[PDB]
């Protein structure tokens, strides 16, 4: 898709000039070794001073041929403990749904900062996984304990 590929080249240029420290976003390769702009491997650092601190959380960003009409699918690989991340790893966030708050102008940097913000501030209104949501509601201390253990597990 020429439209998607043109926009994704624009995103790649912008990202290299200006990206938040400690974040990673890199296109993958096709089986012939050429660049695949439709599939990016990314990493989000936990914010300092939070239970997420010290972790580097890997996620894949998958673009459909009609991007930027549609948002990319964002999937933590491996899946994470968080009330708004599905057991599959897929992130549940309003800016990542075409019918909700997605706008074609939204950039990869804005998506990744949006997901980082979500990590430290769950949305109790759209629970995506039972366990993390239930613990968040029932025992915030236990929740943060689980988050810190996870951050340690994913230290780079």
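Numbering follows the first chain given and starts at 1.
The deposited model assigns a higher average Cα B-factor to 122 to 130 than to the other stretch when 22 to 30 and 122 to 130 are compared.
Comparing the deposited coordinates for 62 to 70 and 94 to 102, the stretch with the larger average C-alpha B-factor is 94 to 102. When all modelled residues of the chain are sorted by CA temperature factor, residue 89 is found within the lowest third.
Ranked by C-alpha B-factor against the other modelled residues of its chain, residue 48 falls in the highest third. In this PDB entry, residue 35 carries a Cα temperature factor that places it within the highest third of its chain's modelled residues. Per-chain ranking of the deposited C-alpha B factor places residue 149 in the highest third. In the PDB entry, a CA B factor belonging to the lowest third of its chain's modelled residues is recorded for residue 8.
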